[PDB]
Each structure stands twice: as C-alpha cells, then as structure tokens.
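Below is one structure, written out as structure tokens, with a few remarks after it.
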Amino acid sequence: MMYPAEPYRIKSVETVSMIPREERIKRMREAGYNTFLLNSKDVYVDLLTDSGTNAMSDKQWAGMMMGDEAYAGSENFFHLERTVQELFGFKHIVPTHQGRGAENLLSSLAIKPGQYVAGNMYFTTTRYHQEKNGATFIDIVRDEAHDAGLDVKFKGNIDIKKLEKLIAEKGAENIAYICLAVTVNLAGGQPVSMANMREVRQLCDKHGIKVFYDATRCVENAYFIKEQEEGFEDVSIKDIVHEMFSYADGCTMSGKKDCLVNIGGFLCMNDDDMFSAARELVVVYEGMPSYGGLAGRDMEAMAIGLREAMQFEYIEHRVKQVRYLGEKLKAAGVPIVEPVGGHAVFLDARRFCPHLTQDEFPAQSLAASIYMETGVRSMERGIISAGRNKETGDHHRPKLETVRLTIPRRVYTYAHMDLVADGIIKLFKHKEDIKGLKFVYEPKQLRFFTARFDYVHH
Amino acid sequence: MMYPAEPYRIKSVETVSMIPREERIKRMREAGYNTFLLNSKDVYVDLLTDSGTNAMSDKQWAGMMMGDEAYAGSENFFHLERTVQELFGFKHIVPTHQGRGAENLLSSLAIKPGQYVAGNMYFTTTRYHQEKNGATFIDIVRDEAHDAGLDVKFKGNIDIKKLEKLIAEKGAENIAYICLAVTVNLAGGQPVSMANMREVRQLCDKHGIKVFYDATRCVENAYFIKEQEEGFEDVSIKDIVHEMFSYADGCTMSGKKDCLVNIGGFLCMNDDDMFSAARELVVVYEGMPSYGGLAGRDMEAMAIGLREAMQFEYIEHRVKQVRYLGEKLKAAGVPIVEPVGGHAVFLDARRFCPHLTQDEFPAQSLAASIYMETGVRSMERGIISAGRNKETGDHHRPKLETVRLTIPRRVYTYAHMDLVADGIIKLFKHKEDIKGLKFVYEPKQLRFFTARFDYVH
Ligand SMILES: O=C(O)c1cc(O)cc(O)c1
Ligand SMILES: O=C(O)c1cc(O)cc(O)c1
Ligand SMILES: [K+]
Ligand SMILES: [K+]
C-alpha cells in the first residue's frame, strides 16, 4: 500500500484545546509571530521537531512502571545493554541523556587538535563538539545533496572520490574519523545506501581510519534501504540495521529520534581502550556508566522502543505518513525539498513567497501564517535561525530558507496531515497576501528562540 | 518526637527477591566482593547512594502522566520555572539533566583560566569542571570539618578568616567565585548556618565577588537551621530555604537529591547577561533551554517534588530516620563519622577492623560482609575509591577509610534501619572474623567501579 493504516491502536490521547482562529491570531501576536515562542498548550499539531516528541507504547509505559533506579547494576541498564548489543552489534555501550551527550564523549576521546573530521554534511551539536576538540570539519557528501530540487536516491551518500582526495591531501594520520550520518538531516532527511557504507569502510580500512555513525535516524535509513536499494527488498529491517552498523567502529545515538522515546541516547564502540576512557569521562558530564544521566525507567523505555522500531509495518507507516504529506503538497505545486525525507517535509519559503526578499523573513512569516490558519506549529530554519554575522553585524543569509514540518513518531494521523497540507495549500493559492516581517525585539544570541517581530506595511 | 512516624502512606511497593544467605554469599563472590558490582536484583536494601533513588509521590506520578513533551513552550517547563522562582527566589532558571550538567555550564561561564574558586570542601564532579576551566580550587571550610570525630554544630561553615586571607593574597579580581555547598558531603553531610551564609555574602559584596551555591541538599540544610540555629525554631522550611538563596548569585541543583526525583537538575542565576550566555551554551551540552536534557514529565516531577520537600514533617522525618540509624549504631559502640549528617551514616572501617591494615581494604571488606549478612548494599569510600597514585604507583591513602550508608528519600522504614543496624552490630561484635581483601583484578581507572577481590589467607 501506498499509504497503509496505522499498525497499532490508540491507547491514550493527549487532549488539546482547539482554540478558534481569532484566538490563534492573538496568541501568535503575543508570541511576536515567532513560533518558538508559542506555548505548547496553544498548539494543536506540533511539528516543531521529531526529537523526543514520540508517542510511547503500552509496553514502554509498562516498562516505565518497572524502573530500577539503582545507581549501579540496574536491571534496566542490563536490558538496554543487551538490546543494543543484539540489534546494533557493538561490543560496548555507554548510556547518555541524549545524543549530544554521546557526541561530547566521542569527540573528546577521538580527536587530537589539528585533525580533520569528514562527514556527509553535519548537525549543529555534532559539529560543535568536533570543532571544540580541535577538529576542522570537511563536508564529503555527494554534490547532489546540495541540490534541494533534485529527486535522486540515497542523496545522503558520501562521495568516495572526495574522501580519497582528502586522504591524499591531508594524510590518513591527520583524519580523526569519518562521521557518517544516517539519515542526513541538512539534505532533508536523506538516506545512505549499504553500498556506500561498504565503500567507505573498505577505503577507511585501507588507511586505518575510524568510522563513527551519527545514527539518530538509522531505522528510517534501514527502511529506505529495504524499499529502494537493489537486493534488499526481502531482508528484514532488523538485519539491515545490524549490517549497517557492522561497517562502523561505533556510533552516537539519539533515542529521542528512532528509539521512540522522549529522552535518552547512548554511545557505542567496539574498542576496549576507548570504552575504558569513555567510562571515566562519562562520570563527570552525564553520570556513572551504569545510568549515564538517565533514570532507570528511561533506559527501559529506550530498550523497548528500539526493539519496537524494528517492526517493518511500524517504520513503513512512519515513513509513508511523512511521504503522504510531502506528496500532497507536491501535487498542489508547493515548493518543497526533494525527495521527501524520512522524518520531515521542508517548505522552500523563498520560492513560496517570491514577492518577498529574504530580509523580510519569508520562512518566519510563513510559519506564523501556517499556525494562524490551522493551529499547526512548524520551525523556521532560515535567515532568523542562521543568526547574525559577528564581524559585519549583518544577517547571515543562508541558501536554505525553509519551514520545517517535522513529524513525531506515532503521534498524528493522516487526517492531521490533511489538515496541515490543506492549510498550506490554501496559503499557497493566495501566497501574495503573506506579508513580510521585521524585528521589534532581537536578542544578541540564540535569536530564533526569543526574537519578536511585527509585519511590514507600506 | 525523637523519631516520628512516616508522614505519608505507602502507595506502591517495589518488589525485591528475599534471597537466603548462601545465595548472597554466592552473588557477593561473583561480584568479586565489590558491592558496586552487585546486580540491583540481588540487593534487598540499597544504600549505595541517595542520588536519584528516591520514592516519588502519587502527585508526582500523576504529573508523570501529564508530560508535555514539546521542544519549546512545555507546560512542564513553565511549572518548573515558576516553582523554582517562587521557592529559591532566583530570576532565571536553566534545566539540566542533573547537577553536574549545571556545574558544566556554570564553570564554563564564570571562570577565566588562572582564577581561583574557593569553597567549603568539594565534590568530584563540581571540582573537575572548575579545574577543567582553568581554576585552582581552594578549601576554605572551617578546620573542624576535617576532624571526623568532633561533634559540633554547622561543621560545614566557611572560615571567614580563610576567605579574608585568600582575598588579600590573591586579590578579588582573581577569584572566579565562592562555591558554597549545602550540605557538605566530604564532612559527612554537614550543614551550613544562615549566619555563615550572611557573613560570606557581606565579605564578598565588599569585594564584588560572586557566590554560587552547590545546593543539592539545601532542604536537609534548611532543616538543620530550623532545628539548631538560634532564632529559626519557628521559621518555616520554605522561608529558611528562600532566605538561604537570597545570599547567593545563583546555584547548581541536583533534583536527584532534595527534589525527590530520579533524574533532573537545574542552573539558577540572577544576572541577565550570564543567563543569556547560559541559554546559548546549554544547547550543545544538554538541549534547548526549554527542556535542558529532560523529558517534560521529569521537569514536572521535579517541580512537584521540590514543593513537597518544603513540608516540615517530611524533611524532619527524612533527617531523623538517618539519625535513628546513626544513633542506634552509636548506642552499640560502632564507630562512625560524627555528627551524623542529613543523608548518610559513615562507618569508620579503620576502627571497625583494627586487625586489618589499610592495604587489606577494610572498608571494601566491611561493605562485602554487610551485604552477605543482611542483603544491604553500602558504598566503599576509602582506599579503593581513592585510586592508585599515578606517579609512584602506590595506593593513594586517604585519612577517611569509610563505608557509606546512604539513605534514599521515602524508600525505607525504621524496620529496614533496624535490620541494617542489627547486622552491622553483629559484625562489630565478631569483627575479628572480618578477613582482609586483595585484588584479583584491577582496572587502570575507576577501579572502585569494576575491581574484583578475594580474601587473604
Ligand atoms: O533543528 C533542530 O531541531 C535543532 C535542535 C536543537 O536542540 C539544536 C539545534 O542546533 C537544532
Ligand atoms: O559518592 C558518590 O556517590 C559519587 C557519585 C558519582 O556519580 C560520582 C562520584 O565521584 C561520587
Ligand atoms: K521530550
Ligand atoms: K535514578
């Protein structure tokens, strides 16, 4: 099926207030037309992010009642450890409170100053920790990834030629590690093929270079492999996931993404010595290696969730729900990043509002309009989030001016997707009526978080 | 009352396996006679730590069903924010996944390399982050705090003269901040008086020096003030807590201690510019400032728990339950660190086992024997935990060779305390039979965590 029904029932609901348009407009204005300043209680469908917003199962909530909150030797730790060892195949695991905790550990252990880290694009926290520990980041993603309109498979693949060029120019000993992300966020949630992981592994093995996965949406990635990589159609998600990680030396994981939980993460590695070093380092940043900044009950929920994520029908429905939204928008001519990724649809607000300039903040304004029209919250990922240039004092002006419709796992229905799509399509049909915004309050940093705007009038 | 009844009922119970002695001995040996290696399922009464092991209330669990897991604007965040603003009085709050997360932020923001941080003793993670950011730690606790046998009030107090001396010798500009801990862990959980907090504030204000509290057991501290500081007998715990923090510029808090939760912490501060800088920095270590590495449900549970902790009868019982254990041991002649602190009783293993040299690891062996006798787990806090001297390859030899009996909040009863005490007392009457330990496996780091031993013969 192009669009299968939910492979589960609703056990419990989260009630919402269902406020009318006049009230939404009032709340949007109070939030300075910045969706980051909206109160959760005033949002009907919250597509700000797929991180930590997932609906857990009855089995996970049963696990939540069996939290073994002991500082050492918790049953929940042992369940998590054996689950990750079984499903990912790594020798050692260190729990962390979420993904960027594991990144702090990995980069603190695996990077000497002056070295390079190469990856298929980047994520903000991941890159921060790499650079904080002395590394220069090199993008080695394939060129197609930077063409937002280009519909091609496995857009997230590393260009092996760029990797070969790097090794020759910089020398293997100067490369801390390859950071292979699955899926690739900055490209719109694009997958990486098994063939690509193999080729990166083979080349790195030649030169003694380590590969560490940024694995936050690895199950979504496994689904794309199963659906689209020749030869994998009859291989289980579980076997695809296990094979994927067989080509890595370790990984950083955010449970908040594909482990179907609201908090949690971990660091995996095969190397005994690195594991020992990670154990003493985790103590001062996260907590003892036996809980790593997580309650027992959350290690349990993450262990259960990761195993739940392996179910074909679940991840098929997850990805096809996102696809449904994207295809409905595409059918109406709405400009989106293509192909649709695993976890989100990205609107190109620049092309949605051709009558505006980027300096009138079309992404920020389109996000405001979407909320006022529907009660749906989306995230500005454009000029506002990019922040100001510290030297010039002018805006950074990023090439991507987008509104991100980010889909939590197992929270919404196709009817919610229809509500979102219908509102956006209505706005698109009258796009010329979307007004530009200007600052009325700008913080000196993290401006996307608390900035306030009002409309430009002529 | 000397020992009041629990000011609550049991809502739900946690299953334990009631395994016999022969089986406990088997499990202890499988754990290499290291209690840190015992599985939780094999422990009856787990006194390894009071951190994150607390029992929550029905109200907190109701809150756990109302987790608003939004990335921004969570109802749970706003609840936590106004609760901490109301009860602690600080202008700004940044959630963190627990205490050491807040410490990372504070030390990253408030320390220039080459500066000093002075405090009343220290805790490992707190000091690490201070030194990592280029500070030199200076102990300015009163001398009495280092006399483990001396029974005096407010042993945790800062010695104002030591602080005056530090300011004169180093200069105010070279002191990043004063780190005032409540209670003081290394002295056995000893409180700080309101009078002391005032004097420190007064002196620091004269020189423009910032004071940040390490406030993980601030409610236990407030109880000691109410109970023992002249003039506070009829002041509420809530009002004592609020006044305590009125003498601080901010704090690092572990909810896992006195906020009655299993995970959670936060950073507070009054300064706008520091807050703005903190909001930027928390994003890459913990998470967005609107959740700070916590699920919404945990921000909610911590908000509720902190308010519950203000109930006089609750914190009175908490502290008096620990005291009950300590006094029962004292009444049988068992040697402990004195006076008894708010959250734990420390056995003096050196005097418990005078027939053993420190090289035979008496604290480690005593902890093993306690488990085998009762099913009670305690923590070695002695030569093993001290680690091996890197330079000379010999043990670090700490003056304190102790076994820590750390009491989680609202988890155990007086009957459990009796079981603990009765077992230790029986061991004490036959102490000569406690055998020394030796390594069979020693890690090169964190040796207390995974080391394995067997008996000398
Ligand atoms: O795009 C996001 O959802 C996002 C979320 C964060 O907590 C930090 C960041 O740099 C980006
Ligand atoms: O004494 C403790 O319980 C303790 C706990 C920790 O997570 C670190 C540490 O250095 C000490
Ligand atoms: K969450
Ligand atoms: K815990």
Side-chain angles (χ1 to χ4, degrees), chain A residues 36 40 46-56 67-72 74 76-77 95 97-100 103 122-129 185-186 189 216 254-257 260-264 287-288 290-301 343-344 346 378-382 385-387 400 402 404 406 408 411 446 448-449, chain B residues 40 46 48-56 67-72 74 76-77 95 97-98 254-257 260-264 279-280 282-301 408-409 411:
Chain A
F36 245 107
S40 177
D46 195 355
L47 308 183
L48 198 62
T49 180
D50 69 323
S51 182
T53 48
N54 312 296
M56 293 200 290
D68 180 353
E69 296 302 331
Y71 214 66
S74 168
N76 311 129
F77 169 86
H97 79 276
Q98 64 188 57
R100 62 201 69 182
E103 292 167 347
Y122 69 98
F123 183 70
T124 297
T125 60
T126 320
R127 180 166 181 172
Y128 172 94
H129 290 297
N185 182 241
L186 200 55
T216 68
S254 174
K256 301 174 74 176
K257 274 84 168 275
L260 290 163
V261 289
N262 307 119
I263 194 66
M288 295 302 298
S290 44
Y291 70 89
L294 293 171
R297 53 173 181 266
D298 289 305
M299 290 188 282
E300 186 69 23
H343 72 292
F346 292 76
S378 55
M379 193 183 284
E380 198 267 5
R381 295 281 87 167
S385 291
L400 291 173
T402 71
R404 194 181 72 200
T406 341
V411 174
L446 215 72
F448 62 86
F449 192 62
Chain B
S40 179
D46 196 354
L48 196 62
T49 182
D50 66 325
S51 184
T53 48
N54 311 296
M56 294 201 288
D68 179 355
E69 298 302 334
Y71 213 67
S74 174
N76 311 130
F77 167 82
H97 79 278
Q98 62 187 61
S254 171
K256 302 176 69 172
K257 274 77 170 281
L260 291 162
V261 289
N262 307 117
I263 193 65
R279 280 209 291 206
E280 186 176 22
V282 64
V283 174
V284 296
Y285 285 102
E286 300 287 326
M288 208 60 41
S290 39
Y291 70 88
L294 295 172
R297 54 172 180 267
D298 288 306
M299 288 189 289
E300 186 66 28
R409 300 159 188 78
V411 175

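Counting starts at 1 for both ligands and their atoms, in listed order. Numbered from 1 within each chain, the chains take letters A, B, ... in sequence-line order. Because only heavy atoms are used, hydrogens play no part in the values below, and waters and symmetry mates are left out as well, while side chains stay in.
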Table of N or O contacts for ligand 1, cutoff 3.5 Å:
{"residue": "ligand 1", "atom": "1 (O)", "partner": "A/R381", "partner atom": "NH1", "Å": "3.1"}
{"residue": "ligand 1", "atom": "1 (O)", "partner": "A/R404", "partner atom": "NH1", "Å": "2.8"}
{"residue": "ligand 1", "atom": "3 (O)", "partner": "A/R404", "partner atom": "NH2", "Å": "3.0"}
{"residue": "ligand 1", "atom": "7 (O)", "partner": "A/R100", "partner atom": "NH1", "Å": "3.1"}
{"residue": "ligand 1", "atom": "7 (O)", "partner": "A/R100", "partner atom": "NH2", "Å": "3.2"}
{"residue": "ligand 1", "atom": "7 (O)", "partner": "B/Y71", "partner atom": "OH", "Å": "2.5"}

Problem - From CA spacing to verdict: ring pair (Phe, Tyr, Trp, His ring centres under 6.0 Å), A/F36, A/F448 - result: CA-CA 7 Å; A/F36 245 107; A/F448 62 86; 5.4 Å; yes
Exercise for the section: Considering just N/O/S atoms, say which atom of A/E69 is closest to the K ion (ligand 4). Expected result: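 Atom name of the closest N, O or S in A/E69: OE1.
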Problem - Residue pair A/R404 / A/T406, side-chain donor-acceptor N/O under 3.5 Å - result: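 Yes - a donor-acceptor pair under 3.5 Å links their side chains.
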Exercise for the section: Side-chain contact test, heavy atoms from C-beta onward, threshold under 4.5 Å: evaluate it for A/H343 versus A/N185 and give yes or no. Expected result: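 A/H343 vs A/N185: side chains touch.
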Handout entry: Side-chain (A/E380) to main-chain (A/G382) donor-acceptor, under 3.5 angstrom
Key =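 Side chain of A/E380 to backbone of A/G382: a pair is present.
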Handout entry: B/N262 side-chain N/O to A/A295 backbone N/O, donor-acceptor pair under 3.5 Å
Key =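 Flag not set: sc B/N262 to bb A/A295 has no pair under 3.5 Å.
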Practice task
Tell me whether B/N262 has at least one N, O or S atom under 3.4 Å from the K ion (ligand 4).
Solution key: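 Given the 3.4 Å cut-off, B/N262 counts as a ligand of the K ion (ligand 4).
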Practice task
Decide, counting backbone as well as side-chain atoms, whether B/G52 has an N, O or S atom less than 3.4 Å from the K ion (ligand 4).
Solution key: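 Under 3.4 Å: B/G52 contacts the K ion (ligand 4) through an N, O or S atom.
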Handout entry: Distance (rounded to the nearest 0.5 Å) between A/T53 OG1 and A/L47 CG
Key =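 Between atom OG1 of A/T53 and atom CG of A/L47 there are 9.0 Å.
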Practice task
Determine the interplanar angle of the B/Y285 and A/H129 rings, folded into 0 to 90°, and report it as parallel if under 30°, tilted if 30 to 60°, perpendicular if over 60°.
Solution key: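 Aromatic pair B/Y285/A/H129 classed perpendicular.
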